[PDB]
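Next up: a single chain in C-alpha cells, the form deposited in one PDB entry.
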C-alpha cells in the first residue's frame, strides 16, 4: 500500500550512478575554476540526494560552495530572525554583487564544457542558487549555492532553536552549535540581505536521527522516519504538479514539519516500520494544524514563521488544507497517478 508507493519512489542504482558521474564532473570543474575572489571556496553536498530522502528520480542535487570569511559583524534585518546584513573588496557586503560575480564565473565556465549538455537556468530573484540544467537524456537540476562560513557563536535568534535535547541530546546539540554557521545570498536593503543556512546540521540530523545510536544501522532496528518524510514530500510534489495555487509551498516546509514531529515523538519505537500508516497519518494531522493555525516555525530560528501571512496567503493554506484532507479521507488517490 504505502509500502508499494515507497517502492515506486525508490531511486535506482543505475540512474544514481549515471546521474552522479555527470554531476560530479561538472561540479568538480566549477570548483577547480574557482580558486578569483572565491579562491578558498570548499564543496559541501546538501539536500535530499545526500540525505538519502530524494524521491522518484536522481534529478535534483544541491551543493554549497562555502567560503571562510574572517570574523564579521551581523546586524539583524528588522527582527526577522533569518535575514542579516554583513579579497571581497568590490562587494556592507552586498549579496547580489557577490552572487553576480560568482554567477558570471560559473556561466563562463559552463560555456567551455563540450562533453556534457549543460546550461545555466535563467536567474530567479530571491534565489541564492546558480542553477544548472543538465540534459543527460534525463533532466537534472543542480543548485550551486554560494555560502559565507562564519566560525563564531551562532546568532542569538537561534538560541532557543534546535530543540533536540530530549531526542538527540545536550551533547549532540552542544557539538552541533560548535560547528560553523552559513549565510546564503537569499534576498528579502533587499539586495544586500543574506539568510542563515543550517543545511550541514540538517544533513547530520537526517543521518543521525534516532534516540538510540543504532537506529537504522546494520546491528540496529530500522525506523520509518525517512519513509514518512518521503511520503509527505511525494504528496506535496504531486499536488504541486497539479495545482498552481500551491506555487508558494515547497519541500522545506515538509522537512521543517517533520523535524518538529521528530522532536514531539523522540522514541524510535514511535517510528516502528509496522506503524508506517499511523506515523504518516500523525504527520499529516500535524501539518494540517500548522496550516490551520498559520504557524510553522523554522526549526533553527523559532521566531521565523514560514507560514506567516506575509510569505503565504491565507487562501493558499486553506486550499492546501482542503486538498490534503481529501487525499487523507479517500485513500490517497493521487499516489496512484
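Between two forms, the rigid core is defined as the largest C-alpha subset superposing within 1.5 Å. Positions refer to the first chain, counted from 1.
What follows is about the form deposited in another entry, which we do not show.
Comparing the two forms between this form and the one not shown on the rigid core, the single residue of 133, 211, 250, 172 with a CA shift of 2 Å or greater is 133.
Once you line up the core between this form and the one not shown, the Cα of residue 122 ends up 2 Å or more from where it was.
The rigid-core alignment places the CA of residue 62 2 Å or more apart between this form and the one not shown. Core-superposed comparison between this form and the one not shown: the CA of residue 160 stays below a 2 Å shift. Note: residue 258-residue 60 Cα separation is 3 Å or more longer in that other deposited form than here. Relative to the shown form, the CA atoms of residue 128 and residue 306 are pushed 3 Å or more farther apart in that other deposited form.
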